[PDB]
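Two forms, one chain: they're shown below as structure tokens, one block per form, named structure 1 and structure 2.
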Structure 1
């Protein structure tokens, strides 16, 4: 009914990108010229108004470092259409062919951009709740955009969230820090060796991950401020961004290209 709507002759479903739970994800072309990502609803495997809740958010939330909602088709079969990202999600990108070649400069930059997005989310008074490498999209020239693929991620979750349901932007700052390890370890699931329950008692007993192999120390300090027990001591995203944008000038101007970072 609104300005976002387009005919289905414009939509060229070309290559599939996995069957979700309540539909499929598609790589394709809109208006025969624009590389596009299409999300499907399998009719009557979910409330229509539930499936369109997505686009209603993506309309509200617009920023260079966020997913772009392109277009909707809001009559069965229903199609949500969003800007295509050539590299797919960050997690894949990290532990795939390219991981080999990424260093701290490329990694902190990706991280800078995420913060940038997540900072707009701050200014929006919205919470994410599942910020983490699986939820970031990469495209050309290492562009990173915040997203949510619709995917119990306790390992990434702040204890006030995992425990008492107390979900804030500060609990998103906890995730960021975890994400900072995903980036510094090229994909490796945080708290290796630990089963969930184990993690949960452990960070309550105050345990944090060590600085990973060859990651500088000021990157870890930064991580730790994200993992402060008290939710309100954690840095603002505005802070984090700045910190990371200025990193190799203001913090590691003495940084030397390593074996893995």
Structure 2
């Protein structure tokens, strides 16, 4: 027995793939004739969480199950960072993107939820470089969580630390040249990725706070949000552009 989020699949006109997908595809489409949407083919969580910086549920169906959402016209952030449009992104654009993800996650945090898979592949980009957390392999995963399954908001904070290296390197894979075993052994031994090229020390220190061994010493998303929003006045007021950041 359905709820009010439910729709008939007859209301959905699928168009383009985006797309597959381990558990299933992602399509661009139309809903009720007027409305451009995205449709994940093969949500309970997505019903209860409503925020500006989180991908917005529109509707759901049932086999074949559809999840219908607000459409993000610029695609996933990984691909945006890797692609044509940025080679020209600089630190102020990338820190503001960071601020927005932090804002969505400060919300997740306030609501006592956990994401579990926070990384640039799971951030979606829309018009005006708006970024939204979507879609609630260990290079992004906090040690206590990759090993003992201890997933909390503080393991999300760690992941956000890694997303920050994706931002500053235009979407390069973390721990370059290291296989998941070598990452896991080295991180346990207290290794952390070094300060990326041109990346200010104050931003890399922030990364290091997110990668504290002890989950409870990692900052909150609320602090992250506030630090990143205020960055260019309070932290780096003498920032000058460089070759890449």
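Residue numbers count along the first chain shown, from 1. For clarity, a rigid core is taken as the largest C-alpha set superposing within 1.5 Å between two forms.
Student: If I align on the rigid core, exactly one of 24, 245, 252, 238 should have its C-alpha move by 2 Å or more between structure 1 and structure 2; which residue is that?
Tutor: Just 24.
Student: Does residue 34 show a Cα shift reaching 2 Å between structure 1 and structure 2 after rigid-core superposition?
Tutor: Yes, shifts by 2 Å or more.
Student: Fit the two forms on their core, then tell me the C-alpha shift of residue 14 between structure 1 and structure 2 in angstrom.
Tutor: Residue 14 is displaced by 2.0 Å at its C-alpha.
Student: Would you look up how far the C-alpha of residue 206 moves between structure 1 and structure 2 when the rigid core is overlaid, in angstrom?
Tutor: In the core superposition between structure 1 and structure 2, the C-alpha of residue 206 moves 0.2 Å.
Student: Given the rigid core as reference frame, how large is the C-alpha shift of residue 81 between structure 1 and structure 2? Answer in angstrom.
Tutor: C-alpha shift for residue 81: 1.2 Å.
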